[PDB]
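Below: the structure, in C-alpha cells.
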Amino acid sequence: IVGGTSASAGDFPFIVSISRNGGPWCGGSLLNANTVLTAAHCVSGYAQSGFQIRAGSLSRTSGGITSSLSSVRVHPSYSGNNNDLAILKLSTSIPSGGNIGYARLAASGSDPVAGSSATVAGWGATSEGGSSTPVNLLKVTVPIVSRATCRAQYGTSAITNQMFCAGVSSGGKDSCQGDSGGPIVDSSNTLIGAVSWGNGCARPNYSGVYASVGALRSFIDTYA
C-alpha cells in the first residue's frame, strides 16, 4: 500500500495474509471457516504447498491462526488479467470470533460507483519498486475511477466489466506489489473487489485495477 496509514485492530476482520515460500506474497479475504478468496494470479500454476494463510492478525508474521491449503480453484475463464480470482480451501478451519470474521460480498450485478470512496488494505510495497514489505497491515482510501476513464488510461480492451478501477488522478495512493488478492471494500466495509493489477503503483493517470466481486459472484457463490 502506497500513501496509506496503519490499519487498526479489527478494521478488516476477514483479511488474510498469504505467504509463499515463507515470505510475503499476497493478501486474501476469508469467506467462511475454510475458504479464502484471493487473486488468481497469486496462486495459478504455482505449487500449492508453498502457501500459508494467516488470519486474525495485523501482522503477516505472527499472531492469529494459520492454515495450509487443501485445494485451489482458479476462476474457469481466468484469462490474462481478466477474471482474476481464485478460491482457496484451507486444511485448518478458521472460526470466527475476536478479530476474525467473514467478508460481506457486494451485491450480485453491482459495479462500484465512480467517485465513491473505497479502502484497500495489504502488506505490499509502500512505493513502486520498493524493497520493504510492512510487517503490520496498511490501508488507503481512494475513489473509484470510472471505467471510461480507466479505459482511456489502459485501452478499451484492457479493462473489462469483470474489473473496476480506483485511484487518484494525480497518483500517490494505491495498492502495490504484495497487495494482490487482498480486499478492497466500500465505505461500509462491503467487499467489492480483490487487488489485481496495474501499470506500476500510484502513478498519476494509471489507476489500480481490481477484480470485481459484483461481476464474479456466480463463481464465488458456487465454490465458497
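Numbers in chain A come straight from Swiss-Prot, and the residues shown are 25-248, in order.
The way this entry was determined, per its header, is X-ray crystallography, 1.2 Å.
Any Cβ shown, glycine's included, is placed from N, Cα and C.
Look at Swiss-Prot and you will find 25-248 tagged as domain 'Peptidase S1', backed by sequence analysis. The annotation disulfide bond is assigned in Swiss-Prot to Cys50-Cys66, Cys174-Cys189, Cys200-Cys225. Taken from Swiss-Prot, the feature active site, charge relay system applies to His65, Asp108, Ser204. If you look up Swiss-Prot, you'll see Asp198 marked as site 'Required for specificity'.
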For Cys66 (disulfide bond): DSSP state (helix, strand, coil):
helix
With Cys200 (disulfide bond) as the reference Cα, tell me which of the recorded positions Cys50, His65, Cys66, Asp108, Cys189 is the closest one.
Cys50
How many Å lie between the Cα of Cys66 (disulfide bond) and the Cα of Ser204 (active site, charge relay system)?
7
Of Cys50, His65, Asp198, which recorded positions are close to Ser204 (active site, charge relay system), meaning a Cα within 10 Å of its Cα?
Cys50, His65
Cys189 (disulfide bond): which of the recorded positions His65, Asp108, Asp198 is the nearest Cα neighbour?
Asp198
Rank aside, I only need the closest one: which of the recorded positions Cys50, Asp108, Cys174, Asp198, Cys225 has its C-alpha nearest to that of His65 (active site, charge relay system)?
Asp108
Check each residue in the chain of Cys225 (disulfide bond) that is at least six apart in sequence and keep those whose C-beta is under 8 Å from its C-beta; list them in sequence order.
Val26, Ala149, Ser151, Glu152, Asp198, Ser199, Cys200, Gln201, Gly232
If you draw a 10 Å sphere on the Cβ of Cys66 (disulfide bond), how many other Cβ atoms land inside?
26
Rounded to a whole number of Å, the separation of the Cα atoms of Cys50 (disulfide bond) and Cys174 (disulfide bond) comes to 24
